[PDB]
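This report concerns only the one structure given below.
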Amino acid sequence: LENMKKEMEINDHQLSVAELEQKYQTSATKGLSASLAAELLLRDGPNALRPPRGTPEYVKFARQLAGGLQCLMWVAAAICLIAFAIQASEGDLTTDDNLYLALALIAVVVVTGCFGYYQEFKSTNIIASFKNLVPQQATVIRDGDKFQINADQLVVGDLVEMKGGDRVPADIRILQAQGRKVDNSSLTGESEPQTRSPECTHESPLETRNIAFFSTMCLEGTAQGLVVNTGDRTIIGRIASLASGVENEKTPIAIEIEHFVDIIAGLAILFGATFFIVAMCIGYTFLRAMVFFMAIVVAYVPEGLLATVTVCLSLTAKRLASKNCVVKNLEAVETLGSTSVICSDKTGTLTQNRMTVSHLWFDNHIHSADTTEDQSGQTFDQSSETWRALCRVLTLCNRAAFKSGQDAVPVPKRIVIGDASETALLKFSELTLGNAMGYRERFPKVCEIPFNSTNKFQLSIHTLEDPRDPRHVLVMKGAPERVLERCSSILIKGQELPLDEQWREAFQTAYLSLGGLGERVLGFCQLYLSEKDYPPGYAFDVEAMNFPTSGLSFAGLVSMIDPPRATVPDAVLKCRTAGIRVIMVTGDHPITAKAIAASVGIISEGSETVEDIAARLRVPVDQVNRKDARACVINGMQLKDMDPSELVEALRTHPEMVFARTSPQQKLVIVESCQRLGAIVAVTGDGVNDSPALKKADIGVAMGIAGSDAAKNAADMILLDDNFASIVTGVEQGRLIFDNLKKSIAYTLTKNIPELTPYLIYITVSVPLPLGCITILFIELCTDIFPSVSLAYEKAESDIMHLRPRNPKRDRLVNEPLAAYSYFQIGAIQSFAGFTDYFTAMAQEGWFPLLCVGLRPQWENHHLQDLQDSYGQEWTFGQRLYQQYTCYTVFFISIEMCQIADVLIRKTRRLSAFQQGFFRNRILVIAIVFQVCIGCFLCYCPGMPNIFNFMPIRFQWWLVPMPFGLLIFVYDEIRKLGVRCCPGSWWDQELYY
Amino acid sequence: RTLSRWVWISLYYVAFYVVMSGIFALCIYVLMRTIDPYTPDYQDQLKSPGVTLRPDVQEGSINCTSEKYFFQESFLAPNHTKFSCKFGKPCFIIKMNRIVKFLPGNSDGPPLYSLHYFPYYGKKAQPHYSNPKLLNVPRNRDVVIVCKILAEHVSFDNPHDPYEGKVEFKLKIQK
């Protein structure tokens with residue numbers, strides 16, 4: 001399905017024209033016959049993209065109700081429902097119990113579902129911003145008369161004609177043109193117009209002059225070419241089919257949770273059935289034994305839990321929204337904390353996407369301007385005579401002009417009508433020199449000979465401002481070797497001097513060096529036209545040379561380059577420290593790509609590829625060993641040729657890599673290669689070129705402003721800000737939470753034990769039920785909720801950025817050691833704290849504990865009005881029931897009291913409460929108070945005895961569990977201490993979360 | 001999965017669950033020490049007495065007469081055992097739920113307590129204390145009869161304990 005597209009394309013571009021004609025069965029001049037055009041559509045079928053199959057049915061909502069977890073609550077709700085049904089064999093009470101519970105359950109599925117769904121109901125939308133980029137009609141030649149037709153009609157074979165300002169409708173073989181230039185950013189990610197011509201320039205079809213591609217727009221000129229490729233056949237539409245209908249897949253957090261439900265269902269079920277077989281020894285039949293199995297669901301399943309994790313995720317997410325980091329998906333909050341490798345697009349992602357000057361050579365010395373946006377470097381030289389006379393030519397011999405739109409924004413930043421080179425010069429001179437308009441004003445421009453392709457140099461004659469002269473100055477610029485041929489002298493400092501042979505090299509010398517940088521080089525010279533040959537008035541003759549072209553005064557050289565946003569190089573190095581690998585992936589050429597890699601730190605100083613080594617080392621390329629060359633840079637042309645098992649090895653082999661001149665599929669290939677590796681990749685990209693990649697990445701981040709519509713739809717996240725830094729913050733926002741979530745799990749789960757044990761003791765001991773199903777819902781739904789959520793505020797026990805990425809399979813979110821801790825140890829202290837309160841309330845009433853055993857059948861027996869307590873007093877049904885209802889309420893409180901300790905303990909895994917401070921978390925302290933106040937309400941406030949069977953407690957009753965809460969604080973406090981400092985052994989490797 | 005150490009997990013739980021059950025007993029046994037052998041700390045639950053009947057769903061002692069409360073003394077161990085008093089259309093014996101130091105006070109439907117017993121001393125203080133006829137000419141129908149006790153000390157709770165100072169039952173003699 002998806003594979004074939006991964007390979008590069010294979011072409012026809014140095015087929016001859018007639019030949020092409022005879023393949024397609026088409027006429028060059030006259031074009032397809034209307035007849036033949038139609039027949040060729042039905043065979044091929046339109047020139048259009050297939051309705052983004054994957055049409056997520058609004059019904060999706062329902063994907064949320066299910067999941068795995070919601071499934072444990074549905075099973076559970078449905079188990080409650082079946083038990084109520086099974087009751088129905090008699091006369092039963094479940095009218096308040098079992099049906100209420102199974103409702104509380106499904107209601108917790110539904111609700112949590114709707115929350116999640118809502119929040120999620122904000123992001124989707126890709127194929128929508130992708131076909132916000134489609135021409136409409138086109139002008140085909142058929143029979144031999146042309147005619148703009150609906151695009152979709154176009155086929156393979158037909159003659160098409162494109163002029164400046166159109167979209168190429170389909171892939172096309174250029175038969176005829178001229179001056180036609182095209183924009184091929186869609187393929188390269190690079191906007192500078194490329195020339196089309198009827199001869200094949202090169203082997204690579206992506207490279208030849210003769211093919212023009214769909215998803216591209218003809219920039220200027222005019223041209224005709226034969227449709228090689230229509231619809232989803234074109235180079236691009238392959239790239240198309242290769243994305244949207246991409247499959248999102250599970251997150252890690254989502255996976256850790258489904259693992260969690262796996263350990264949970266694993267105990268719930270194994271105690272639930274074990275409560276069957278024990279039951280059955282005792283003297284319960286199939287009837288009763290079955291009842292308890294399913295009864296054993298609620299104690300086990302934290303109802304509690306789904307909503308806490310979401311609130312916790314939600315809460316973290318609105319700290320990040322404040323960070324100017326938006327998050328579309330709740331699950332995304334964690335992810336970040338796993339990203340191994342980042343595949344980043346260069347242009348507009350890493351880089352500002354712009355251009356500028358670099359340095360000048362004048363005065364025989366190489367000069368390094370400042371290329372940075374908000375210009376953080378140093379002013380290189382203002383003093384020289386040489387410099388101004390250079391500054392003069394740069395401002396005058398220049399046709400460019402800044403847009404009105406602008407005086408507000410800074411000079412680097414404002415848009416300029418003209419070619420890239422001349423805008424550079426204008427900005428340079430605008431920034432160091434003063435207003436350019438001032439200068440041009442001043443030295444009015446008499447006559448000028450525009451930059452020909454021929455001359456390869458542009459000149460102007462200006463009347464000099466110095467009023468005392470207003471004579472004529474000649475300024476020129478253009479190919480460095482063409483300027484020189486052009487000179488007799490050099491302005492070295494202030495004076496001229498004889499372009500000896502020595503300065504012919506020095507120059508020669510600067511030229512070659514600045515070339516190397518991968519910088520564009522221009523040459524500048526000028527001439528003080530002798531007044532006594534050119535009278536004040538004189539005609540010049542841009543026509544033919546009535547003035548001197550030769551023996552001029554070589555002024556100096558200017559070059560240029562390109563830099564990246566500001567935060568990037570830093571943003572890069574944090575990541576590596578994070579121990580993530582960064583990989584550049586660009587459409588752009590290799591000199592540039594590498595220079596940036598070196599700037600940002602993807603490539604680290606004297607890291608080396610094999611071709612750098614060959615240089616210093618003076619040696620070939622072979623007798624270099626590839627191994628030595630940590631770094632790599634691989635040009636797409638070479639990438640095409642390799643098998644995916646040669647890609648994988650490059651990928652192991654090098655720690656700093658640069659894939660340049662890559663096509664979109666290739667960007668796609670790389671990302672897949674990295675994933676075969678089983679590494680989590682983030683693709684960071686701005687363009688339509690980056691679409692498949694982005695679509696392919698575990699997480700696709702798009703620059704908000706710059707980013708094509710296409711990358712944005714493709715992407716999971718968007719850096720509104722363009723702020724690359726945000727990517728580091730994004731990676732951190734997915735660790736802390738991870739740990740704090742375990743604390744809240746440990747916290748919640750602990751309570752489960754004090755909740756289960758009463759029921760079991762009930763069936764085993766034959767005592768009056770200590771704690772009721774309604775009581776339980778107050779603890780999970782109510783009291784536990786603030787304190788659980790409360791954990792998300794907890795800080796770092798250690799500098800988290802310091803440790804390596806978690807190995808996903810090895811270190812789960814919920815592991816045995818949490819269960820043990822929660823169930824086996826802490827919990828269990830809580831249970832006793834609970835049971836204590838039960839004996840105290842009954843004992844006080846007259847029912848001593850010894851007499852309690854085997855009572856339940858008399859105590860539950862509705863007909864004995866008579867029940868004799870230890871003292872001898874007789875209690876009615878109702879009166880002994882109020883007493884048991886009071887216990888239920890006390891037990892409920894016990895747990896909260898014990899939960900206070902559990903809260904404090906759960907605030908730290910390793911660290912004592914003392915180093916941490918259990919203190920600075922304000923949210924947690926609010927949970928202790930907003931959970932006691934709840935308890936006290938359920939107990940105190942009238943109505944509560946009838947509605948929720950909660951009875952008022954005496955002051956004494958509160959303090960029963962207090963020895964139990966204290967012991968928990970202490971017990972854990974001691975355990976950690978003892979962890980901290982045997983870090984290798986036993987406490988740590990059983991209890992440490 | 002410990003392939004050794006289980007051992008380090010066994011010695012552990014045996015002298016830590018151990019430790020935890022010897023603290024828990026610790027607190028039960030403190031709590032039990034602060035309660036009277038003879039009377040409960042809170043009588044409140046039992047506050048108004050209920051009425052219950054036998055209808056399953058003496059020598060020693062002292063001859064008495066219908067009279068005023070017979071106080072026995074304090075609720076204390078140093079007088080031996082506090083001396084108690086004596087006493088085809090089915091028979092239903094009603095009785096008033098004991099409660100320690102309580103003094104009850106006193107000084108047409110289809111066809112169909114003597115103070116001297118109180119206070120009740122409570123079982124430690126009085127082992128064999130004994131606490132204190134629908135001849136109807138309708139057979140062949142299910143009658144409902146509510147019997148109830150009156151007094152200042154006695155309250156009913158229509159909404160709750162229907163037992164509280166009353167009964168509700170449904171005889172039936174089919175002959």
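Chain labels run A, B, ... following the order of the structure tokens; each chain numbers its residues from 1, and ligands are numbered from 1 in the order shown.
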- Query: Residues of chain B within 6 Å of chain A, using only C-alpha atoms, as a list in words?
  - Reply: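 The contacting residues on chain B are residues 40, 41, 42, 50, 52, 57, 97, 98, 99, 122, 123, 161 and 163 of chain B.
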- If we count only C-alpha atoms, what is near residue 147 (chain B) at a cut-off of 10 Å, once residues fewer than 2 positions away on the same chain are taken out, given as number ranges by chain? B: 51, 94, 144-145, 149, 165-169
- Any chance you could list, as JSON, numbers by chain, the residues in region 42-151 of chain B that come up helix (DSSP H, G or I) when DSSP is run on the backbone? {"B": [44, 45, 46, 115, 116, 117]}
- From region 18-167 of chain B, collect each residue whose DSSP state is strand (DSSP E) and return the set as a list in words. residues 51, 52, 53, 94, 95 and 96 of chain B
Can those selected residues be exported to a file as a PDB file, in the first residue's frame so that it contains N, CA and C atoms?
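Here's the written file selection22.pdb:
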ATOM      1  N   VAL B  51     -39.424  -2.333  71.949  1.00  0.00           N
ATOM      2  CA  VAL B  51     -40.179  -3.435  72.444  1.00  0.00           C
ATOM      3  C   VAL B  51     -40.010  -4.603  71.527  1.00  0.00           C
ATOM      4  N   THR B  52     -39.786  -5.777  72.105  1.00  0.00           N
ATOM      5  CA  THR B  52     -39.587  -6.981  71.330  1.00  0.00           C
ATOM      6  C   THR B  52     -40.436  -8.060  71.922  1.00  0.00           C
ATOM      7  N   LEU B  53     -40.813  -9.077  71.123  1.00  0.00           N
ATOM      8  CA  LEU B  53     -41.620 -10.156  71.706  1.00  0.00           C
ATOM      9  C   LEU B  53     -40.991 -11.490  71.514  1.00  0.00           C
ATOM     10  N   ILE B  94     -44.608  -9.950  75.554  1.00  0.00           N
ATOM     11  CA  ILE B  94     -43.864  -8.738  75.243  1.00  0.00           C
ATOM     12  C   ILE B  94     -42.920  -8.483  76.373  1.00  0.00           C
ATOM     13  N   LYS B  95     -41.745  -7.864  76.070  1.00  0.00           N
ATOM     14  CA  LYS B  95     -40.777  -7.581  77.065  1.00  0.00           C
ATOM     15  C   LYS B  95     -40.060  -6.329  76.709  1.00  0.00           C
ATOM     16  N   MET B  96     -39.521  -5.578  77.705  1.00  0.00           N
ATOM     17  CA  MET B  96     -38.901  -4.306  77.456  1.00  0.00           C
ATOM     18  C   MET B  96     -37.393  -4.485  77.503  1.00  0.00           C
TER      19      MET B  96
END
- Message: Give me the residues near region 227-243 of chain A as an MDAnalysis selection string, where near means some atom within 8 Å (using only C-alpha atoms) and where sequence neighbours in that chain fewer than 2 positions away do not count.
- Response: chainID A and resid 2 5 9 46:49 154:160 170:173 187 213:215 225 245:246 664:665 691:692 695:696 714
- Item | Within 8 Å of residue 81 (chain B) using only C-alpha atoms, minus same-chain residues under 5 positions, as a PyMOL selection string | chain B and resi 125-127
Export, as an mmCIF file, in the first residue's frame, the selected residues with C-alpha atoms.
data_model
loop_
_atom_site.group_PDB
_atom_site.id
_atom_site.type_symbol
_atom_site.label_atom_id
_atom_site.label_comp_id
_atom_site.auth_asym_id
_atom_site.auth_seq_id
_atom_site.Cartn_x
_atom_site.Cartn_y
_atom_site.Cartn_z
ATOM 1 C CA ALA B 125 -23.973 -7.121 88.094
ATOM 2 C CA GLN B 126 -26.931 -9.461 87.697
ATOM 3 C CA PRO B 127 -26.718 -12.785 85.967
#
- Item | Long-range neighbours of region 561-578 of chain A as a PyMOL selection string, 9 Å cut-off, only C-alpha atoms, 6 positions minimum in chain | chain A and resi 340+346-358+371-373+517-520+592+596+599-602+722-728+731+801-805
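The spacing separating CA of residue 107 (chain B) from CA of residue 84 (chain B) amounts to 19.3 Å.
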- Item | Distance in Å - CA of residue 6 (chain A) versus CA of residue 643 (chain A) | 10.8 Å
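CA of residue 83 (chain B) lies 16.7 Å from CA of residue 102 (chain B).
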- Task: Counting only C-alpha atoms, figure out which residue out of A:177, A:974, A:200, A:267 gets nearest to residue 218 (chain A).
- Result: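 Of all the options, A:177 lies closest to residue 218 (chain A).
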- Long-range neighbours of residue 48 (chain B) as a PyMOL selection string, 9 Å cut-off, only C-alpha atoms, 2 positions minimum in chain: chain B and resi 44-46+50+153-156+164-165
Would you put the residues from that selection into a file with N, CA, C and O atoms, as a PDB file, in the first residue's frame?
ATOM      1  N   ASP B  44     -26.576   6.223  74.710  1.00  0.00           N
ATOM      2  CA  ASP B  44     -27.317   6.966  73.759  1.00  0.00           C
ATOM      3  C   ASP B  44     -27.946   6.202  72.641  1.00  0.00           C
ATOM      4  O   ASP B  44     -28.896   6.780  72.053  1.00  0.00           O
ATOM      5  N   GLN B  45     -27.280   5.230  72.035  1.00  0.00           N
ATOM      6  CA  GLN B  45     -27.827   4.491  70.954  1.00  0.00           C
ATOM      7  C   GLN B  45     -29.117   3.826  71.287  1.00  0.00           C
ATOM      8  O   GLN B  45     -30.030   3.763  70.464  1.00  0.00           O
ATOM      9  N   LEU B  46     -29.113   3.178  72.469  1.00  0.00           N
ATOM     10  CA  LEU B  46     -30.163   2.468  73.173  1.00  0.00           C
ATOM     11  C   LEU B  46     -31.169   3.401  73.797  1.00  0.00           C
ATOM     12  O   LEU B  46     -32.164   2.933  74.338  1.00  0.00           O
ATOM     13  N   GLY B  50     -36.658  -0.255  72.991  1.00  0.00           N
ATOM     14  CA  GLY B  50     -37.535  -0.844  72.020  1.00  0.00           C
ATOM     15  C   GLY B  50     -38.358  -1.870  72.667  1.00  0.00           C
ATOM     16  O   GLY B  50     -38.183  -2.281  73.809  1.00  0.00           O
ATOM     17  N   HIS B 153     -40.482   8.423  79.163  1.00  0.00           N
ATOM     18  CA  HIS B 153     -39.195   7.929  78.830  1.00  0.00           C
ATOM     19  C   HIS B 153     -39.213   7.189  77.538  1.00  0.00           C
ATOM     20  O   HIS B 153     -38.213   7.274  76.783  1.00  0.00           O
ATOM     21  N   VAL B 154     -40.427   6.888  77.003  1.00  0.00           N
ATOM     22  CA  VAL B 154     -40.500   6.086  75.814  1.00  0.00           C
ATOM     23  C   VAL B 154     -40.944   6.928  74.623  1.00  0.00           C
ATOM     24  O   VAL B 154     -42.178   7.081  74.473  1.00  0.00           O
ATOM     25  N   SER B 155     -40.183   6.723  73.520  1.00  0.00           N
ATOM     26  CA  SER B 155     -40.468   7.475  72.298  1.00  0.00           C
ATOM     27  C   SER B 155     -40.654   6.455  71.217  1.00  0.00           C
ATOM     28  O   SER B 155     -40.713   5.236  71.535  1.00  0.00           O
ATOM     29  N   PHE B 156     -41.350   6.869  70.146  1.00  0.00           N
ATOM     30  CA  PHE B 156     -41.531   6.033  68.992  1.00  0.00           C
ATOM     31  C   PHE B 156     -40.747   6.665  67.871  1.00  0.00           C
ATOM     32  O   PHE B 156     -40.700   7.907  67.835  1.00  0.00           O
ATOM     33  N   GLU B 164     -38.880   0.402  67.884  1.00  0.00           N
ATOM     34  CA  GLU B 164     -38.795   1.320  68.973  1.00  0.00           C
ATOM     35  C   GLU B 164     -40.099   1.464  69.728  1.00  0.00           C
ATOM     36  O   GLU B 164     -40.926   2.345  69.400  1.00  0.00           O
ATOM     37  N   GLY B 165     -40.171   0.801  70.885  1.00  0.00           N
ATOM     38  CA  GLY B 165     -41.265   0.783  71.782  1.00  0.00           C
ATOM     39  C   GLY B 165     -42.507   0.294  71.132  1.00  0.00           C
ATOM     40  O   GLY B 165     -43.577   0.379  71.778  1.00  0.00           O
TER      41      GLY B 165
END
